[PDB]
Amino acid sequence: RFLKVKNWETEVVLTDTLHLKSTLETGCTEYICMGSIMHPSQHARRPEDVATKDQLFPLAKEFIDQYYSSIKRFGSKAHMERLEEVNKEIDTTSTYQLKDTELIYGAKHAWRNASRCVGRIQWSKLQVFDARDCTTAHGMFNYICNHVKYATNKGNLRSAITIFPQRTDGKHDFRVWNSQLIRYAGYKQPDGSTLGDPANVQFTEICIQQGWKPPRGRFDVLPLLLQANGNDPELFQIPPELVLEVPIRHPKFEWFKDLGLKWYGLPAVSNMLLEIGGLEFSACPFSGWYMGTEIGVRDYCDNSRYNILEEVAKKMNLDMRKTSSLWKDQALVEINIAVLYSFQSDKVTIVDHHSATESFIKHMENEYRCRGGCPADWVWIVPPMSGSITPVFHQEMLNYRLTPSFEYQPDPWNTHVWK
Amino acid sequence: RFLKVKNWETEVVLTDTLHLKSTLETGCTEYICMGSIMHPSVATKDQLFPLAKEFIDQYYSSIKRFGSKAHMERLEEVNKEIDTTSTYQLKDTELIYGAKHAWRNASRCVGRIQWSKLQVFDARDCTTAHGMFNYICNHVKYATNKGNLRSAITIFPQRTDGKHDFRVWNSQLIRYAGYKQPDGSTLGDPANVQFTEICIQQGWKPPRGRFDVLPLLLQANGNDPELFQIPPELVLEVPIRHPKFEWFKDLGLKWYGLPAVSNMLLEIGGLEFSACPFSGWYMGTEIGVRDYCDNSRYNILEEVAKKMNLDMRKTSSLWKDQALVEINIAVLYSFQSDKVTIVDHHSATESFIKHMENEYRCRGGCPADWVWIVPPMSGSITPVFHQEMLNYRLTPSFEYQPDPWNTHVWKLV
Ligand code: HEM
Ligand code: HEM
Ligand SMILES: CCN(C)CCc1cc(F)c(F)c(OCc2cc(C)cc(N)n2)c1
Ligand SMILES: CCN(C)CCc1cc(F)c(F)c(OCc2cc(C)cc(N)n2)c1
Ligand SMILES: C[C@H](O)[C@H](O)[C@H]1CNc2nc(N)[nH]c(=O)c2N1
Ligand SMILES: C[C@H](O)[C@H](O)[C@H]1CNc2nc(N)[nH]c(=O)c2N1
Ligand SMILES: [Zn+2]
């Protein structure tokens, strides 16, 4: 009827009514919680392929209603005309097209609704590039390049999303096959170990199999693998002057720069699906800026990622005989100091996990004030180091699925029929 | 019918069938998840019958005697008592099995690989607070074992009508007092300020120091609770020093060696044991991250960072993170040097994965609360962070219960 959330550090209690608008299942039941399952649910708002009218139109009506409500209308002439125009359009094309205002509203609100995103205080400050006129991989490359340049902004990063044509029947999908716009290759070495980023060994192999000539380094920016209108994907090298990179150095450990580490500045997620009023934008790359832990904890220290902890600890002369010396924890901190120090020294936008989590608490408070709630996935919001010394650790969160939303989708190479 | 959990670091996939036996609520709905809520929201004869049966059935199933003569007579015997007395009495075997399985079922506990090595102290014959004191003293001395810590639970008489509850008013058996000062500052453990006040009001004469072990506040049979000082020779404490920083010992930090939770309710076959203090040994982060560095707690981050010459002007220096690791190093180093059992969070989380995998193999699952299993520091560099976990409520279970001062109706005019 109304659920409260408490912050156990501050004793602030917030009352959530927004969850009454939740549309699709979380995966949880009264008898089992799936809050740590990465992909708990397959409940999707529309069937797999081109849906019937009684399937697509109710979702369309819901979103148009929501948008016109959002702008202090509902029932107005323009809203009632919009419904009938969406009605005729589905009647004659089995789909409908969003107005530019509706598209922008939907994209910002999918970011707003992203329960796993700690950076959502920025949600209304998103630059939306409408790419729905795109027809070819070359066009997608052009759009993505402009995205990267605008978003990077010589280090003063800007949040942006570029929205390619929506799904129609499923055989003409636009996809960015890359999971992120900028990632490093991963190479399976002859012995058995891995050079570069081990997460990308398979995508790297597709690219090589697709004709990419790997430089076979540890930080080879992958090509773009762009699919337009269901056709076979195409390789494009992003112009390197558009890929801003930060060499990682340490403010005290001078030997740290000699680890030869760098990272890219633009996190740009490109494998997710943006759903608005039953429409599915299968190619919608979006970018913001890094929280330092993403690089420094996960990218650098995950065992199946760059896995640098041991080498850093070595150089720090740490007791690595046993776990109880906390050599992993000590190196982990120094690595994340270096990552933040390097990005800040190069004037590349980055936020530490203390600032970001504090911002998110403030965002929650704003959202509960004006919206009646804020869906938040504690498992993802709490940073992967020093959790309890960040405010979000002590903050209860309600997780629910609002629409518009970003959704996961199958990797294209599991589903694409090659021509 | 089946549910799979994946470990994204290893790709191991386990198949959970055990969840089909859960019966209590999780608090979540099909449309809202409440996985991060700390606390999401007496039995009659007819309520008690199926709960008892369910537990007796599971007990005899565990010992491969389901359907047996002994199983069927026990069921009939339990039914007699519920009909006669509106309640029943567990056999000793059932009490031990029930207590161990409440631990085994504690979704929030990372130390469950040890669940079957639980020393169960039956104190259901206790009738007075003096008696509880005696039981708790023996519990502490046994558990503490001169630093070689052993898991133990002492189970006091079950709830009858709710008017005669046994309660340990302490949240834990060993805790340090907290005193608020006129100037607003806090001396000791700020968490225990309220409970320290209750004790002082009950007549406790506080030393007013930083690490005063609180007295036990013990309630027997629904009577007013009574104060007892744990004999100081039974409270094993560890002075915290750092292997590298000579100055760390100068912070005057110490901690007690025995973590012993005493405010929970043990529920076995529908019976409620409102006083069941249990203890194990510490994971270092409980002291080094939570006890010492929570802003609401001892809050020594700035002090330690200060002595570390850290730049505390900007968060992005990660001074808090850096100071936090050192504090937790000191905590582990101190206990190990004094040969007091402790486990670091890497070893603990690794054992829990082994445990969880074994439990999936021998039991069909392992309810686990990721929000609690993941340590409060260095989260993703432990294996549990990457482990998908299903959370569900099996019984026997440990349950929260109201604090006694919020419910107790005082007798003494
Ligand atoms: C502006 C700065 C931003 C910051 C600091 C930020 C931070 C984060 C972080 C740390 C995560 C968890 C990522 C991980 O562990 O893999 C995340 C997830 C996410 N972010 Fe944000 N984000 C930002 C902008 C954006 C924007 C512009 C969008 C979309 C318009 C967005 C949508 C999402 C979504 C959908 C997720 C869920 C990821 C998933 O389910 O895989 N974020 N964000
Ligand atoms: C043997 C060594 C043990 C270790 C290393 C251990 C470790 C832990 C830790 C780190 C937590 C989280 C506590 C917190 O962060 O506040 C926890 C919770 C818990 N432990 Fe264990 N524990 C041990 C033994 C036991 C025993 C013997 C029992 C019961 C017989 C038990 C029952 C519980 C319960 C019920 C919880 C969660 C209670 C709640 O919801 O607050 N544990 N344990
Ligand atoms: C569970 C999936 N996980 C393995 C993905 C890891 C990953 C790799 C990568 F290169 C990324 F750019 C990435 O972006 C997340 C992200 C997105 C945005 C918009 C901002 C920030 N700040 N962060 C996430
Ligand atoms: C309210 C938040 N905070 C105070 C935690 C409360 C709490 C309640 C509880 F019942 C617990 F069992 C618990 O576990 C601590 C614990 C217990 C044991 C036996 C061993 C270790 N090593 N640790 C912690
Ligand atoms: C709000 C959140 O549920 C709360 O801070 C939880 C998070 N995880 C925890 N995990 C453990 N082990 N102990 C705790 O007290 C908490 N607190
Ligand atoms: C099993 C678990 O849900 C998985 O490791 C999650 C945990 N929390 C996370 N949180 C963030 N932000 N990103 C992640 O990839 C993950 N991984
Ligand atoms: Zn849930």
Side-chain angles (χ1 to χ4, degrees), chain A residues 5-9 38-39 111 114 116-119 122 126 151 157 159-161 178-184 197 199-200 263-264 266-272 285-295 298-299 302 304-305 349-351 356 378 380 382 387-388 391-397 406 408, chain B residues 8 34-39 103 106 108-111 114 118 143 149 151-153 171-173 175 191 258-265 276-287 289-291 294 297 341-343 348 369-376 386 398-401:
Chain A
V5 301
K6 172 172 175 171
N7 183 294
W8 291 86
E9 190 183 4
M38 181 96 51
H39 309 282
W111 187 8
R116 290 181 166 163
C117 174
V118 70
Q122 305 285 348
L126 175 70
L157 296 208
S159 304
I161 183 177
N178 311 66
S179 43
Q180 290 72 48
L181 290 188
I182 293 161
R183 297 210 57 172
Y184 297 120
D197 187 334
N200 293 324
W263 205 251
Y264 47 92
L266 188 64
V269 177
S270 55
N271 65 349
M272 283 196 78
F286 58 84
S287 66
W289 49 83
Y290 264 124
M291 185 167 72
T293 48
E294 300 179 73
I295 314 166
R298 298 302 304 286
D299 295 322
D302 271 12
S304 48
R305 293 297 304 283
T349 299
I350 199 180
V351 60
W378 193 101
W380 276 62
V382 167
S388 68
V392 294
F393 180 95
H394 308 267
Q395 177 68 57
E396 297 181 338
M397 292 161 199
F406 295 104
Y408 300 104
Chain B
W8 295 83
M34 311 216 323
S36 63
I37 308 290
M38 177 107 40
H39 310 281
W103 188 10
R108 293 184 167 172
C109 174
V110 76
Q114 296 275 348
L118 178 61
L149 305 186
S151 292
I153 183 164
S171 55
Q172 294 75 9
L173 292 179
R175 308 223 55 178
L258 183 73
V261 169
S262 52
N263 58 5
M264 308 241 64
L265 186 147
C276 58
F278 53 88
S279 65
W281 52 80
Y282 263 121
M283 180 159 87
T285 53
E286 307 179 76
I287 313 167
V289 190
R290 307 308 311 286
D291 296 326
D294 276 14
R297 300 294 304 289
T341 311
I342 191 163
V343 65
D369 187 335
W370 191 102
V371 174
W372 279 61
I373 298 305
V374 175
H386 309 272
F398 294 105
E399 303 288 344
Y400 292 106
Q401 59 181 336

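Just so you know, ligand 1 is whichever comes first in the structure, and atom 1 is the first atom listed for that ligand. Reminder, nothing fancy here: chain letters follow the sequence lines and each chain counts from 1. These values consider heavy atoms only, across backbone and side chains, with no hydrogens, waters or symmetry-generated copies.
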Please write down residue, atom name and distance for the protein heavy atom closest to [atom].
| atom | answer |
| --- | --- |
| atom 23 (N) of ligand 3 | A/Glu294 OE1, 2.7 Å |
| atom 1 (C) of ligand 3 | A/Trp380 CH2, 3.6 Å |
| atom 12 (N) of ligand 5 | B/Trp372 O, 3.1 Å |
| atom 14 (O) of ligand 3 | A/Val269 CG2, 3.6 Å |
| atom 10 (F) of ligand 4 | B/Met264 SD, 2.4 Å |
| atom 3 (O) of ligand 5 | B/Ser36 O, 2.6 Å |
| atom 4 (C) of ligand 5 | A/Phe393 O, 3.5 Å |
| atom 22 (N) of ligand 3 | A/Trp289 O, 2.5 Å |

Numbered in order shown, the ligand 3 atoms found under 4.0 Å of a heavy atom of A/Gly288 are 19 (C)
Have a look at B/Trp103, A/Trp8, B/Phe398, B/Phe278 and point out the one with the heavy atom closest to atom 19 (C) of ligand 4.
B/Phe278
Tell me the nearest of A/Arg298, A/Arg116, A/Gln180, A/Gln122 to atom 13 (C) of ligand 3, using heavy-atom distances.
A/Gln180
Proximal atoms of ligand 5 relative to A/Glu396 (non-hydrogen, under 4.0 Å):
1 (C)
Sub-4.0 Å atoms of ligand 5 with respect to non-hydrogen atoms of A/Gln395
1 (C)
Compute the minimum heavy-atom distance from B/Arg290 to ligand 5 and say whether it is under 4.0 Å.
yes
For ligand 4, which atoms, with element, lie under 4.0 Å from some heavy atom of B/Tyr282?
22 (N)
Under 4.0 Å from a heavy atom of B/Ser279: which atoms of ligand 4 are those, numbered in the order shown and with their elements?
19 (C)
For B/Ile153 and B/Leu118, work out which heavy atoms get closest and say how close.
CG2-CD2, 3.8 Å
Hey, does B/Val371 come in under 3.5 Å of ligand 5, counting only N/O atoms on both sides?
yes
Relative to ligand 3, is A/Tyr264 under 4.0 angstrom through side chain, backbone, both or neither, heavy atoms considered?
side chain
A/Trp263: heavy atom below 4.0 Å from ligand 3, yes or no?
no
Heavy-atom contact check, 4.0 Å cutoff: does A/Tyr408 meet ligand 3?
no
Show, in sequence, the C-alpha distance, side-chain angles and deciding distance for A/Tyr264 and A/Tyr290, and conclude whether the side chain to side chain donor-acceptor pair (under 3.5 Å) test is met.
CA-CA 10 Å; A/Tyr264 47 92; A/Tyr290 264 124; 3.3 Å; yes
